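Each chain, written out:
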Amino acid sequence: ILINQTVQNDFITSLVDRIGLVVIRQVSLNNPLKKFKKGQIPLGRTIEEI
Amino acid sequence: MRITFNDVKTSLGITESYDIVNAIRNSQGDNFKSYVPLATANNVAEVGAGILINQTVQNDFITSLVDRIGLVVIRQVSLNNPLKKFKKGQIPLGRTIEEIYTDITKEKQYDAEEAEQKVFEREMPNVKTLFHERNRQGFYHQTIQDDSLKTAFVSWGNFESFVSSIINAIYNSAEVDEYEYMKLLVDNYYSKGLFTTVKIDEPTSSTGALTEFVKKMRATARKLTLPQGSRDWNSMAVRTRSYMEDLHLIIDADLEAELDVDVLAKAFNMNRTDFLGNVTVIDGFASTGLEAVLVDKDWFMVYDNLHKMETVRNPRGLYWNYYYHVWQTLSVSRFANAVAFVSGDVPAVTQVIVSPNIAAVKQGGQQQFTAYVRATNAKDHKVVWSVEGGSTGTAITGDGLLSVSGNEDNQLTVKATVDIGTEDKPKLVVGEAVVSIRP
Amino acid sequence: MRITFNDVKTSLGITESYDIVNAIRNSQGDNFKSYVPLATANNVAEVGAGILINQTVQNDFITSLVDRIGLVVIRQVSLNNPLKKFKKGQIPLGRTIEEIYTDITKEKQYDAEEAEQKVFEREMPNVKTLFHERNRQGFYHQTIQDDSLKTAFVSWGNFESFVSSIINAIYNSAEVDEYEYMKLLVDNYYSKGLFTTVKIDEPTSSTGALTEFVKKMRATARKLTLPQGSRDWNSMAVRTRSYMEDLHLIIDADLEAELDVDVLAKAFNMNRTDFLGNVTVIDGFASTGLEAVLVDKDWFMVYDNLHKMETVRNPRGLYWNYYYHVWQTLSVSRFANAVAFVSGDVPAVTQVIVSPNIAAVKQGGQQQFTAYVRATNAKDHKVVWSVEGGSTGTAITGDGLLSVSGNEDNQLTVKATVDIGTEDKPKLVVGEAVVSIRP
């Protein structure tokens, strides 16, 4: 991994980006205040209540 | 942070004239009677021109929801450079262009008595040089907030089209700037008085003026293409000849629209009245009286030195920066014919040219100079010669012969001056050369 | 980069001594008569040293043309450090290095009657510990404007060669800095007074003094390479041994030239009157009295922890930044022999070493300390022992046996001092050792 800067940067970038995103997304959805937490915003919500 | 607009009326960009909405409501026998049977004409008149800001419109079925967008259209345009056909090539390495032209000599009277002593005499050829340099370096900068724009577009294709439109806008900007620079070349050339001036009347003032301009252009083209050549059409006063297929005439749209509806439709044999050389149309020139330009294909000397694009990313701001670098050299060749048809008041003398631009003489030698005065009228003018070296002994005669004193060390300037003004306010046109002194 | 330099003479930084031109011209039976028959001895005289700034020069025949550059040459250089062979291995991760040495023990007498109650009695070994830490962190920074550098070159090969030279400059600078850092160690060691000093008269005063220095060096090397060892040439005062093949003597070029001109080119059997160990020649030491340094191969304890290069690109400015980061540990080992061979004024005693420097004892107990004085003469210097820990009940006998009382708990410092000055002029050399106590 540490043989050269190009490989070092590629490894560190891929690791932090992908692993951090996946882990934080899967662990922030199990918090105690998760029942108010919905997923992504639905398409065409029309921001109107009927 | 939230870009919002409130209290917006659909009249900020509209300047009403007669309020057709109210006009069509009360009409009896007028031309608007055709619009009275329309049921929902009020809405069509209200939003016929479009809405600049999308107000929150409540739905018909339920008034507690939001409306979607039916369709998104991306408008794409491409702008080109109509003068791009005049471009020369590319210079990857180097900065300077050198152009060399050799001129004609003079015939000598045959003589055998004098041939016994001057057999090893020297007769230097007449050559001239011109130099051009890289003089344009620029770049175009554009930022794209892709992460801030993905959330605002329902479809991926719309976002892709938007990015493509931004890139196309960059390229259009580059093309427009190149066209403007190429026009600025001609404007500067006229500003410095290096064109060969030809006085005309205003072509659109009358059909007689239009046909006179046509006759003048045809005569000028024939004179330019005469086989024996001439030195009255190039800024270096060198004997040169031009070909009819290399002559380009640049005009505006008004003249082209006037000619075909005034003379070409009325008269038979359109080839005996239309223009001769290649004709291209632009949106006029920036000069005051300039009306037409007739130049040779080799007049333009524009080359490309660099053309590239680079991109960078900002992780903290989530955007991309695009830099488009263009490096060019823009110049013109004084050895090519270049005449300008101008209407109005022009000075009697535009420039004076000295044939040896630079000379190198010793402390006993002499140098001969030749003066060419560019005069619009046929009036004859007399030149006066002078030397501004600053030393004594060195002087120039009235016929253009400079003699250098035995002891003298400084750089000399030889000037030829023409007086065209009147008393109490003289007007002088001066052409000068540079002389260096050998030990 | 803007070419504006007018009226610059070719005499910028030149201060002539006797004006060769006048010397040649006003020669009447002088030594300069050889150059009298030279046709052009003034242009050669005034141009033969080179010019820092050039200017455009016109052609002799046609002044319109300009003389051009015919050849361009790029110089290359590669610098190394002759001390690189002393470098140890590499430590990628880590900051410190630990060194451990075990010393010899003492012999007892065989007594069976007393052996029946001291079976489990213990006698701790003699161990000494040394520490080193990384102490150099630096980098070299360069920039290259490849796009803006293309106007100064005509050949891609020359452009690439110039860029390669720019890159190699960083490595040359790194090598020079490494050499300086490595050579600073001997000066620091001498300034700390840790070398073993041998007094010599002068390597340049006379051939007798030079051969006396040679004799002293040979005797010192023979004493160093003895099978039984000696605790007289290392700052830690441990019984150590060295091998002849690992002994390096560092001298200077002046001494080397004087030696091989005086004592080697005039002596039969030159192998009996020259240096013994490996010989290294440097550009002199910075210390005042240092002449030649005799060290062991294990004396150098230099390691490299980081050697990397990182490049970044500026899209707006179109240039590359290169950073070369170097991290290193520089230190020397006190467990190896090191002789200084000083020739100036040397004090009688250079240092005092207390063999146990750090020791932990109980509340009540006795510890024995031994002191070694590094005297540069044959005289004997007495040693005075003292302890200053600020506690009552602890005392040190004149033989160096310290008995500590259990009433107090604090750190103790033990001093062994000698007086090398005269009466009313006390000059003190102090060797310090610290003692910890456990409660």
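Residues numbered from 1 in each chain as written, not as in the entry; some residues may be left out. Chains lettered and ligands numbered in written order. Part of a larger assembly, values for the part shown. Heavy atoms only, no water.

Deposited coordinates in this entry are attributed by the record to cryo-EM, at a stated resolution of 3.0 Å.

Labelled according to the PDB entry, chain B appears under the name Major capsid protein, originating from Bacillus phage phi29. Quoted verbatim from the Subcellular location field of the UniProt record, the comment on chain B reads "Virion". Listed under Sequence similarities in UniProt, the entry text for chain B is "Belongs to the phi29likevirus major capsid protein family." (UniProt positions renumbered as here; feature names shortened; annotations may be inferred.)

The name the PDB entry assigns to chain A is Major capsid protein, from the organism Bacillus phage phi29.

A. A look at the relation of the copies chain B and chain C. The transformation that overlays chain B on chain C combines an axial shift of 0.5 Å with a rotation of 123°, and the residual RMSD is 1.2 Å. Overall, the copies show the geometry of a three-fold rotation axis. Taking C-alpha positions as reference, the residue of chain B nearest the rotation axis is B:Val312, located at 6.7 Å. (Least-squares fit on C-alpha atoms.)

B. Representation of the interface of chain B and chain A. Listed as interface residues are 8 residues of chain B and, on the opposing side, 8 residues of chain A. A combined buried area of about 670 Å² lies between chain B and chain A, and 58% of that area is made up of carbon and sulfur atoms. Remark: the boundary between chain B and chain A carries 0 salt bridges. Applying the counting criterion to the chain B and chain A interface returns 8 residue pairs in polar contact. (Contact = heavy atoms within 4.5 Å. Buried area = accessible area lost by both parts, 1.4 Å probe. Salt bridge = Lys/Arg side-chain N within 4 Å of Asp/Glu carboxyl O. Polar contact = N/O pair within 3.5 Å; in protein donor to acceptor, adjacent residues only side chain to side chain.)

C. View of the sheet that holds strand β4 (residues 196-200) of chain B. All names here are of chain B. Pairing is mixed in the open sheet, where 5 strands are placed in the order β4-β10-β7-β5-β6. Strands at the two margins of the open sheet, each flanked by one partner only, are β4 and β6 (278-282). When strand polarity is set aside, the average angle formed by the axes of neighbouring strands in this sheet is 25°. Taken together, the 5 bridges between strand β7 (residues 290-296) and strand β10 (residues 338-343) define a ladder with antiparallel strand orientation. Note that in β10 the partner of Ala292 across the bridge is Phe341. Relative to the sheet, helix α4 (residues 156-191) contacts β6, β7 and β10, its axis offset from that of β10 by approximately 80°. (Pairing = 2+ DSSP bridges. Helix = DSSP H or I, 4+ residues; strand = E, 2+ residues; numbered from the N terminus. Axes fitted to C-alpha atoms, helices over the stretch in contact; angles between N-to-C directions.)

D. Representation of the UniProt feature "coiled-coil region" in chain B within the structure. Mapped onto this structure's residue numbering, the UniProt feature "coiled-coil region" falls at residues 107-127 of chain B. The annotated region residues 107-127 of chain B carries 0% helix and 5% strand content, and the separation between its end C-alpha atoms amounts to 17 Å.

E. Here's a closer look at the nonpolar core. In terms of nonpolar packing, the biggest core is built from 25 residues, with C:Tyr189, C:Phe195, C:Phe285 and C:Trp299 touching the most fellow members. Of all the elements in the fold, those that place two or more residues in this core are α3 (156-191) and β6 (293-296) of chain C. When near neighbours in sequence (up to four residues on either side) are disregarded, C:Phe195 contacts C:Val186, C:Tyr189, C:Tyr190, C:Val293, C:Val295, C:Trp299, C:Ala338, C:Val339 and C:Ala340. In terms of nonpolar packing, the next biggest core, distinct from the first, is built from 23 residues, B:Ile282, B:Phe285, B:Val295 and B:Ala336 among them. (Core = buried A, V, L, I, M, F, W, Y, C linked by side-chain atoms within 4.5 Å. Buried < 20%, exposed > 50% of the residue type's maximum accessible area, 1.4 Å probe, protein only.)

F. Representation of the pairing of strand β4 (residues 247-252) of chain C in the model. All names here are of chain C. Counting buried residues along β4, 5 of its 6 residues qualify, which places the element largely inside the surrounding structure. With 4 bridges joining them, β4 and β6 adopt antiparallel strand pairing. Across the sheet, residue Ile250 finds its bridge partner in β6, namely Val293. In this sheet, strand β5 (residues 278-282) lies alongside β4 in parallel orientation, the contact comprising 5 bridges. In the sheet register, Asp252 faces β5, and the bridge partner there is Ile282. Once you follow β4 into helix α5 (residues 253-262) and on to β5, the crossover reads as right-handed. (Right-handed = clockwise from strand over helix to strand, strands pointing away.)

G. Representation of the pattern of salt bridges. Counted under the stated rule, the structure contains 33 salt bridges over all chains. Here B:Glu310 ties to C:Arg313 by a salt bridge, and the two come within 2.8 Å at their closest N and O atoms. Taken together, the positions of B:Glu310 in strand β8 (residues 303-314) and C:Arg313 in strand β7 (residues 303-314) put the pair across two chains. Here B:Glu388 makes a salt bridge to B:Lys415, at a shortest N to O gap of 3.5 Å. Here B:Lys415 lies in strand β18 (residues 412-419) and B:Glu388 lies in the loop between β15 (384-387) and β16 (395-396), a separation of 27 residues in the sequence.

H. Local environment of unusual backbone geometry. All names here are of chain C. Look at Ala237: it is not a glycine, yet its phi comes out positive at around 55°. Although it is not a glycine, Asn269 adopts a positive phi angle of roughly 50°. Along the chain, the position of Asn269 falls in the loop between α5 and β5.

I. Region of the structure containing the packing of aromatic side chains. Applying the stated rule across the entire model yields 29 aromatic pairs over all chains. For the ring pair C:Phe86 and C:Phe300, a centre distance of 4.7 Å and an interplane angle of 35° mean the geometry is tilted. Of this pair, C:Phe86 sits in the loop between α2 (43-47) and β1 (96-102) while C:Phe300 sits in the loop between β6 and β7, placing them 214 residues apart in sequence. With respect to class, C:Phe86 is no different from C:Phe300; both count as buried. Measuring from centroid to centroid gives 5.1 Å for C:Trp299 and C:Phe300, while their planes differ by 80°, and the two rings are edge-to-face. Members of the aromatic cluster, each reached through a chain of ring pairs, are B:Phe86, B:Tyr189, B:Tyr190, B:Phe195, B:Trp299 and B:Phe300. (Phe/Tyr/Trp six-rings, centres within 6.5 Å; stacked < 30°, edge-to-face > 60°.)

J. Representation of the environment of C:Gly13. All names here are of chain C. Within the element layout of this structure, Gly13 appears in the segment before α1 (20-25). Residue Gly13 is classed as exposed on the basis of its relative accessible area of 68%. Separated by 184 residues in sequence, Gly13 and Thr197 place their C-alpha atoms 48 Å apart.

K. The interface of chain B and chain C, seen in detail. The interface of chain B with chain C comprises 25 residues on the first partner and 22 residues on the second. Of the roughly 2000 Å² buried between chain B and chain C on both sides combined, carbon and sulfur atoms contribute 63%. Counting the surface chain B buries against chain C, the share from its top three residues, B:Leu93, B:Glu310 and B:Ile358, is 26%. For the pair chain B and chain C, the number of links is 2 salt bridges. In this assembly, chain B and chain C are joined by 4 residue pairs in polar contact. Among the secondary structure elements, those contributing two or more residues to the side of chain B that touches chain C are β1 (96-102), β2 (127-133), β8, β9 (319-329) and β12 (358-361) of chain B.

L. Spotlight on the UniProt feature "domain: BIG2" in chain B. Residues annotated in UniProt with the feature "domain: BIG2" correspond here to residues 348-427 of chain B. Secondary structure over residues 348-427 of chain B splits into 0% helix and 44% strand, and the C-alpha atoms at its two ends are 10 Å apart.

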